[PDB]
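Proteins get letters first, then strands, A, B, ... in listed order; numbering begins at 1 in each.
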Amino acid sequence: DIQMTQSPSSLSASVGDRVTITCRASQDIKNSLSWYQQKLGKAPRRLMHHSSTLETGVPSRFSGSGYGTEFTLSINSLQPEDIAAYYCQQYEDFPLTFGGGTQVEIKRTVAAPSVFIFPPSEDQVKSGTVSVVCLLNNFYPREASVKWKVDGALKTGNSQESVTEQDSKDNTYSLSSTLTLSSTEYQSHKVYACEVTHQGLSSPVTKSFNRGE
Amino acid sequence: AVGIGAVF
Amino acid sequence: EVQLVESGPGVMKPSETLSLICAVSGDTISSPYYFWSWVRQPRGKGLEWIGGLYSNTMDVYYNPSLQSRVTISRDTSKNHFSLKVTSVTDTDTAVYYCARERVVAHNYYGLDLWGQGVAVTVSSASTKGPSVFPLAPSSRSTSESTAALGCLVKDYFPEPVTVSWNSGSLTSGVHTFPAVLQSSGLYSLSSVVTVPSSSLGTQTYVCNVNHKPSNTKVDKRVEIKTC
Ligand SMILES: [Ca+2]
């Protein structure tokens with residue numbers, strides 16, 4: 001029982017900027033502190049131990065500081081290869097405990113999504129349940145408002161969103177909003193539309209279709 | 001003091 | 001090559017016993033002054049240290065939040081480091097890793113290693129291959145517009161599926177979204193690709209879904225709808 005409080009939970013900065021993550025321990029841990037980097041889908045990899053001693057292979061833009069209860073990891077010149085979660089860990093006492101983590105994003109220039117809607121195929125309709133899919137491709141920043149309108153009226157509770165990781169090439173996101181309905185509510189309505197609002201669009205973009213054509 | 005920082 | 005490799009069934013019904021093995025190759029498990037750990041991570045969340053041991057003593061140390069249910073052990077004849085978790089439930093679903101790390105003060109030049117992780121699902125669901133529905137592109141808007149097409153991959157268990165396009169020969173513009181757990185207990189996702197609309201008449205598009213837990217492959221052609 002030594003709590004590690006890590007801040008912020010997420011951070012966003014441009015290539016070349018300087019970022020810091022801080023970590024404070026609930027009691028004195030001297031310099032028994034490690035920082036780990038975890039890329040998506042991968043095992044953690046330690047960046048440093050003893051508060052500030054880099055591991056082999058770790059670029060010198062990473063650095064740490066702190067002794068006692070407060071600790072900082074710094075990234076001097078944020079790079080695209082740095083998109084990752086970061087965790088502190090104390091090892092002054094068992095049990096070993098980790099900070100809750102920080103997600104790092106690259107801030108790039110605003111890019112509007114391209115927007116596509118996909119009516120369910122006849123075979124999806126035959127199956128009993130349907131999914132209408134709305135895609136937002138290659139956009140930044142991540143904040144985006146996607147609303148479903150059925151026969152002109154807002155539909156609230158049958159949709160789910162899913163978002164890709166930031167792309168390692170162009171630093172954008174893509175997103176799917178899926179509207180799941182039974183074949184019977186689906187056939188009781190005619191017009192299906194998703195309306196997208198984003199900093200990159202000068203007013204909302206609506207993509208729609210009429211069922212049965 | 002513990003784990004990777006144990007001393008024996 | 002010194003490597004950690006984890007094995008063990010990852011799909012459990014509630015209240016079964018999880019059993020995972022971490023085998024070292026290229027080195028001996030008895031090599032001194034390493035700290036061996038089991039760590040776990042629920043999807044989207046942080047890391048939790050389960051427990052561990054020093055390779056030069058015979059003690060093993062446990063997180064108190066899990067100690068009533070877990071046994072961590074070691075078999076030097078087979079170079080195995082082991083995790084057993086009894087009565088698993090909804091909360092034990094996570095990726096489980098082992099780690100071997102130098103005890104820095106007596107070992108500055110040994111190699112810090114991690115397993116690849118094993119994904120553990122605790123669920124009442126049964127193994128089920130996916131149903132795959134094509135998502136057909138819309139009609140061409142301009143001479144040089146991009147079309148989007150995809151396929152929806154649903155009602156499968158456990159994770160993961162892999163989607164490739166044209167047997168993996170089409171990779172630019174492919175986005176495969178993370179899966180979502182439905183209330184039925186099954187998962188679903190979509191895979192999409194953006195292509196030049198000019199190529200819709202000349203080039204064929206097939207998504208290849210591979211669901212290894214059920215040994216299932218599905219290959220669906222995506223075409224424009226014929227009125
Ligand atoms: Ca794209």
Side-chain angles (χ1 to χ4, degrees), chain A residues 1-11 13 17-38 43-79 82 84-104, chain B, chain C residues 33-37 39 41 46-54 56-57 59 61 63-65 99-114:
Chain A
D1 177 74
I2 300 192
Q3 311 295 312
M4 295 316 275
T5 303
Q6 198 175 325
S7 36
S9 58
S10 85
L11 71 80
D17 293 350
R18 155 164 195 304
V19 310
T20 70
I21 302 154
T22 80
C23 185
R24 66 182 50 53
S26 56
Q27 65 187 67
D28 173 51
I29 67 179
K30 296 174 203 316
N31 35 35
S32 304
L33 194 137
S34 284
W35 290 98
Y36 291 85
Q37 178 194 70
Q38 194 189 19
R45 159 241 194 159
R46 207 177 55 213
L47 305 169
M48 68 203 68
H49 78 267
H50 186 302
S51 186
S52 71
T53 315
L54 272 58
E55 312 303 327
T56 88
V58 175
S60 288
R61 63 173 176 279
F62 295 92
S63 96
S65 147
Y67 177 98
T69 54
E70 276 137 23
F71 300 87
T72 290
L73 166 79
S74 284
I75 312 188
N76 249 346
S77 164
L78 189 62
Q79 286 309 288
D82 298 340
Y86 295 87
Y87 300 90
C88 50
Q89 184 204 67
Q90 68 79 24
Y91 55 93
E92 171 70 15
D93 255 340
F94 287 131
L96 303 194
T97 54
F98 296 87
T102 296
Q103 184 62 41
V104 156
Chain B
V2 85
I4 65 135
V7 77
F8 306 111
Chain C
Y33 299 120
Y34 287 101
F35 181 62
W36 291 75
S37 284
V39 166
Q41 189 172 37
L47 311 154
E48 173 179 38
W49 176 85
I50 304 170
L53 55 75
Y54 306 101
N56 36 294
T57 74
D59 316 302
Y61 305 83
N63 197 327
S65 57
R100 174 198 93 175
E101 303 174 294
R102 315 158 273 136
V103 169
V104 165
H106 308 259
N107 184 0
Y108 324 79
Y109 302 90
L111 172 51
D112 288 351
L113 296 176
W114 286 78

Report task. Determine the minimum heavy-atom distance between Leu73(A) and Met48(A), stating which atoms define it. Result -> CD1-CE, 3.5 Å
Query raised in the report: Does the side chain of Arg61(A) come within less than 4.5 Å of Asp82(A)'s, by heavy atoms?
Result: yes
Query raised in the report: Under a 4.0 Å N-O cut-off, is there an ion pair linking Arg45(A) with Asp112(C)?
Result: no
Requested in this report: Output all residues satisfying side chain to side chain contact (heavy atoms under 4.5 Å, CB included) with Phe8(B), sequence neighbours left out; order by chain, then residue number.
Outcome: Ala6(B), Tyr33(C), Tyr54(C), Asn56(C), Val103(C), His106(C)
Requested in this report: Enter the distance from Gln6(A):CD to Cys23(A):SG here, rounded to the nearest 0.5 Å.
Outcome: 5.5 Å
Query raised in the report: What pairs of residues pass the side chain to side chain donor-acceptor pair (under 3.5 Å) test when at least one of them lies in residues 87-100 of chain A, not counting sequence neighbours?
Result: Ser32(A)-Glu92(A), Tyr87(A)-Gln41(C), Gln90(A)-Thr97(A)
Requested in this report: Answer yes or no: is there a donor N or O on one side and an acceptor on the other, between the side chain of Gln103(A) and the main chain of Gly101(A), under 3.5 Å?
Outcome: no
Requested in this report: For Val19(A) and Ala13(A), work out which heavy atoms get closest and say how close.
Outcome: CG1-CB, 3.6 Å
Query raised in the report: How far apart are the closest heavy atoms of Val7(B) and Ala105(C), and which atoms are they?
Result: CG2-CB, 4.3 Å
Query raised in the report: Residues two or more places apart in sequence or in another chain: which of them pass side chain to side chain contact (heavy atoms under 4.5 Å, CB included) with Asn31(A)?
Result: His50(A), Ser51(A), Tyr67(A)
Query raised in the report: Between the side chain of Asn107(C) and the main-chain N/O of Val104(C), is any donor-acceptor distance below 3.5 Å?
Result: no
Report task. Hey, could you give me the CG/CZ distance between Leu54(A) and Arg46(A), rounded to the nearest 0.5 Å? Result -> 11.0 Å
Requested in this report: Please report the shortest heavy-atom distance between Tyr61(C) and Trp49(C), naming the atom on each side.
Outcome: O-CH2, 3.7 Å
Query raised in the report: Can you name the nearest heavy-atom pair linking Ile50(C) to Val39(C), along with the distance?
Result: CD1-C, 4.1 Å
Requested in this report: Calculate, to the nearest 0.5 Å, the distance between atoms OG and CD1 belonging to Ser7(A) and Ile21(A) respectively.
Outcome: 9.5 Å
Query - Close side-chain approach of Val58(A) to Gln37(A), heavy-atom, < 4.5 Å - result: no
Query raised in the report: Looking only at atom types and distance, does a side-chain atom of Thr102(A) sit under 3.5 Å from a main-chain N or O of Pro8(A), one as donor and one as acceptor?
Result: yes
Report summary line: Taken in chain and number order and not counting sequence neighbours, the residues that satisfy ring-ring contact (aromatic ring centres under 6.0 Å, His included) with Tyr34(C) are none
Query raised in the report: Do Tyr86(A) and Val104(A) have side-chain heavy atoms sitting under 4.5 Å apart?
Result: yes
Query raised in the report: Can you list the residues that meet the side chain to side chain contact (heavy atoms under 4.5 Å, CB included) rule with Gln3(A), with sequence neighbours excluded?
Result: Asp1(A), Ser26(A)
Query raised in the report: Could you give the distance from CZ (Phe62(A)) to OG (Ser52(A)), rounded to the nearest 0.5 Å?
Result: 15.0 Å
Report task. Find the distance between CG (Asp17(A)) and CG (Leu11(A)) and round it off to the nearest 0.5 Å. Result -> 10.5 Å
Query raised in the report: Can you name the residues that form a side chain to side chain contact (heavy atoms under 4.5 Å, CB included) with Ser74(A), not counting sequence neighbours?
Result: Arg18(A), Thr20(A), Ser63(A), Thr72(A)
Query raised in the report: What pair of heavy atoms forms the shortest contact from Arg102(C) to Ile4(B), and how long is it?
Result: O-CB, 3.6 Å
Query raised in the report: Which value, rounded to the nearest 0.5 Å, describes the distance between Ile29(A) atom CD1 and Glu70(A) atom CD?
Result: 10.5 Å
